[PDB]
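Below is one structure, written out as structure tokens; comments come after it.
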Amino acid sequence: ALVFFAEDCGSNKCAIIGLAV
Amino acid sequence: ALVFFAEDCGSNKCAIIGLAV
Amino acid sequence: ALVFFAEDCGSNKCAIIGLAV
Amino acid sequence: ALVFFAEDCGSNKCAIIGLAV
Amino acid sequence: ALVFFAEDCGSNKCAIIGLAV
Amino acid sequence: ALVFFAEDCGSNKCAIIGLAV
Amino acid sequence: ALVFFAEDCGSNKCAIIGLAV
Amino acid sequence: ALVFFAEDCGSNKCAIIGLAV
Amino acid sequence: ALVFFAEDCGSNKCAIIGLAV
Amino acid sequence: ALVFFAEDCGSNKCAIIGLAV
Amino acid sequence: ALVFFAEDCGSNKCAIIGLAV
Amino acid sequence: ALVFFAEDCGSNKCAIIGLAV
């Protein structure tokens, strides 16, 4: 599968997360 | 315009946000 | 099917609508 | 992550589900 | 139009459906 | 960026708008 | 609602169609 | 990559096509 | 939920997979 | 296939492009 | 919110940009 | 156009690819 990337900015911290499809 | 609803969920808290289009 | 929701904000007047898939 | 909401509707009944991203 | 295919799995019945665009 | 277009048809009145990405 | 524009192109001819949302 | 499938119904003929991502 | 289908190719080893939504 | 239209805008100028699916 | 990344390649300049959702 | 990025995994042989739009 494909794994995208995104900066998941919550209320306390951001972080690069994958997104698996 | 259309406004979708979503929750921006960080560590362990969420917040309603709109998404305007 | 899945039904999404959105506020359809027209000429100064909104209303929730469904979106079928 | 972002959480969307939709109705998952079957033959007769529906249910709210999250769609997390 | 394009017709996608999906398994609409409900509470007591899955079934292939078209999704038209 | 890419700019898409859509007719925003409100309370009996449409108008072309852009959508930036 | 929003109305996107698209062309439904077959063999070698196209036709404008709307896509309502 | 992922290869989806769709019935591409033009004006003269439909046909299962891939969609490569 | 809806289950779409795709061929998941990597090094010429495709295979049908689901995509749950 | 379906053909969408968008403006591909750079530093200063834009251009119409098709997005075919 | 989620921040995707893309290379916005224009006529005479590519550059990484965020896309916020 | 915009170029997104993803890891294309098949049999544990991932690698960065573009996705042109």
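Letters A, B, C, D, E, F, G, H, I, J, K and L mark the chains in the order given here, with residues in each chain numbered from 1 onward.
Methods note: a residue touches a chain if its C-beta (ideal position, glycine included) is under 8 Å from a C-beta of that chain, and two chains touch if they have at least 3 such contacts.
K.L.:
Counting C-beta pairs in contact, does A-H beat A-L or the other way around?
P.N.:
A-L
K.L.:
Hey, which one of A-H, G-H or D-I is the same interface as D-E, over half the contact pairs lining up?
P.N.:
G-H
K.L.:
Measuring from the mean C-alpha position of chain D to the mean C-alpha position of chain H, what distance in angstrom results?
P.N.:
So the centroids are 28 Å from each other.
K.L.:
If you average the CA atoms of chain B and of chain G, how far apart do the two points sit, in angstrom?
P.N.:
30
K.L.:
Rounded to the nearest whole Å, what is the centre-to-centre distance of chain C and chain E, using the mean of the C-alpha atoms as each centre?
P.N.:
Measuring from centre to centre gives 22 Å for this pair.
K.L.:
Listing for chain C: what residues touch at least two other chains?
P.N.:
Residues 1-2, 4-5, 8-9, 21 of chain C each touch two or more of the other chains.
K.L.:
Which residues, counting only chain D, touch chain A once they are in their complex?
P.N.:
Interface residues on chain D, with respect to chain A: 1, 21.
K.L.:
Help me check something: in the complex, which residues belonging to chain I touch chain H?
P.N.:
Listed in rising order, the residues of chain I that touch chain H are 4-9, 14.
K.L.:
In the complex of these two chains, what residues of chain C are touching chain D?
P.N.:
Touching chain D from chain C are residues 1-5, 18.
K.L.:
Touching residues of chain L toward chain H in the complex: what are they?
P.N.:
Residue positions touching the partner: 8, 17, 19.
K.L.:
Report the residues of chain G in contact with chain H in the complex, numbered from low to high.
P.N.:
Residues 8-11, 13, 15 of chain G touch chain H in their complex.
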